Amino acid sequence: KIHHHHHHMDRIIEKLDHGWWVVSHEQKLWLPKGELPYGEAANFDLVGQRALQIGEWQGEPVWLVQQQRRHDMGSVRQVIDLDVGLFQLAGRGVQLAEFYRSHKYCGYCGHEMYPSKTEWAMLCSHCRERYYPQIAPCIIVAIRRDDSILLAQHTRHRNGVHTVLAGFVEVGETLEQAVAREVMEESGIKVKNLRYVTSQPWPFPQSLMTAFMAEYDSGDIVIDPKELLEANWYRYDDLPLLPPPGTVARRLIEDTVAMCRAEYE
């Protein structure tokens, strides 16, 4: 057996407590004035509330409080301009609150559950089963073809933003099989020369991006219109509107562009 990480249990907040406060409910958190709350606990009417410590940021605790405020409840995407490591802790808070909420009852036997005192787990009052937060591994892949890169627009958001291909890994498959399968299903092409670049959590709602680069091998772009509005090869020096700087998708595109410059220029 491999064990999950040990963590401090929740407790009642006092006046002397302080830090960043991720006050969350149903995939949202409190952003008073569009900002992540920071300061002493009385400043935010949180003294007497239960809070879970979910991290530390530059000497200061990061706290999860499970409550819904009347106003200024938003997506964590609103504080994406924050330092990455802080943003990652705010996402952690949002996800942990959904974990707890998703586990009020035990799915094995239907009885009420209660938090573990030593780890981020839900224990059952009736049976021996338990659950840990669900992270959904997700591949994302920049596909290079000579001096070009495959960029797509999703049929969902008419943003005008052309990005790479992404999709959830399925049970029983490797990352490399997920890459190959998602690309096929989304665009009809077979890829080769897969290369892992990096990973990033992505709390929308609970993904872990595993980022790859790959080369065109064979096939015609045949897009699934339910997933994709369009997909085309764009030359490295002639790109459309891309994902923001900071996103793993922009990082992959830039990497691909950089090695087209090193070969064809």
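So that there is no doubt, residue numbering starts at 1 and follows the sequence shown.
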{"query": "Given 128 to 136 and 157 to 165, the range whose Cα B-factors average higher in the PDB entry", "finding": "157 to 165"}
{"query": "Largest Cα B-factor, entry values, listed residues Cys109, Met122, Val179, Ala142", "finding": "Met122"}
{"query": "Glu173 CA temperature factor, ranked by third within the chain", "finding": "lowest"}
{"query": "Third of chain Cα B-factors occupied by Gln78", "finding": "highest"}
{"query": "Third of the chain's Cα B-factor distribution that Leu194 belongs to, per the entry", "finding": "middle"}
{"query": "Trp63 CA temperature factor, ranked by third within the chain", "finding": "middle"}
{"query": "Chain-relative CA temperature factor third for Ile149", "finding": "lowest"}
